[PDB]
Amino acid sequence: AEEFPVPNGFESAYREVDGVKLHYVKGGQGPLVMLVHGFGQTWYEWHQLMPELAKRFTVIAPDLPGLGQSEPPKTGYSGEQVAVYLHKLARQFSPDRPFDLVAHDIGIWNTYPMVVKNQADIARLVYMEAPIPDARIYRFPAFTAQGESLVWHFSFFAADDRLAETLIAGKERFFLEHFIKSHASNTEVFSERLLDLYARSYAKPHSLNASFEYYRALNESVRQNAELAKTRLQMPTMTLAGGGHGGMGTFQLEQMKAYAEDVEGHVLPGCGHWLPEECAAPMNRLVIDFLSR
């Protein structure tokens, strides 16, 4: 059974990595590009970009441990632990060449440590719509003059007592729709069918828990990154962020400047947090052009 429809010419498959069965969708020919999704989603958020990229690259889009059809991590959910799985998965398919990495949302948290620790393995890097976990996140406000902030979920999801699983269970579809649309500019792209598919996936009890364990490990990830960041990133990097409601605006590039020697950034007007779906055509174009250099 597949949680999401696989594009033509792609295959849904699994690899064991350090005793954890990871799911991915793979297609194309050429140098490897790995696309890593974030919270509330799965490999499927990349399904529009994948066929275009597959004209020039071998494309792999894994499900993060515990999410989609991937088994939970056996080590832990901190960025350094999760990044091992993703790095080793990429290396199974690109053992002899560096590969490209594109990540969205918590896909950034789960890849940054393997990028900085294995720079020779990373040809080009694209990061969109999430802070790298560091002390900057402690400044985001709990509440705004316009009401509900965009970041209060960091605390909701990190809270103990399984607070988030307990309140969201039985209301997974309701909560996800609220979360996705409140972080969107272009809500129309989230059809009832698309929301149904994402909700069914993250509502699997181990996946609902996995979702929040990423946040329960966030402080540990920040502490980890405090040490890792002593080494600057040297590979060509591009950042993307939405400039509309729900988006991160200038933060993405400005943070990345502290991490990378060679970075260019774009802010996409009229687009929120969910760039691959809200603004597929220009996002796809920018990613394809940057990687095709």
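A residue's number is simply how far along the shown sequence it sits, counting from 1.
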17-25 versus 271-279 - which carries the larger mean C-alpha B factor in the record:
17-25
Of 55-63 vs 37-45, the stretch with the larger average CA B-factor in the entry is 55-63
Reading the B-factor column of the entry, which of 78, 111, 201, 92 has the highest value at its C-alpha atom?
92
Highest recorded C-alpha temperature factor, please, choosing from 173, 104, 193, 162.
193
Of the three thirds of Cα B-factor ranks in this chain, residue 189 occupies the highest
In terms of its chain's C-alpha B-factors, the third that includes residue 131 is the lowest
Lowest, middle or highest third: which one holds residue 143 when the chain's residues are ordered by CA B-factor from the entry?
middle
In terms of the chain's CA B-factor thirds, is residue 288 lowest, middle or highest?
middle
Using only modelled residues of the chain, where does the Cα B factor of residue 231 rank: lowest third, middle third or highest third?
highest
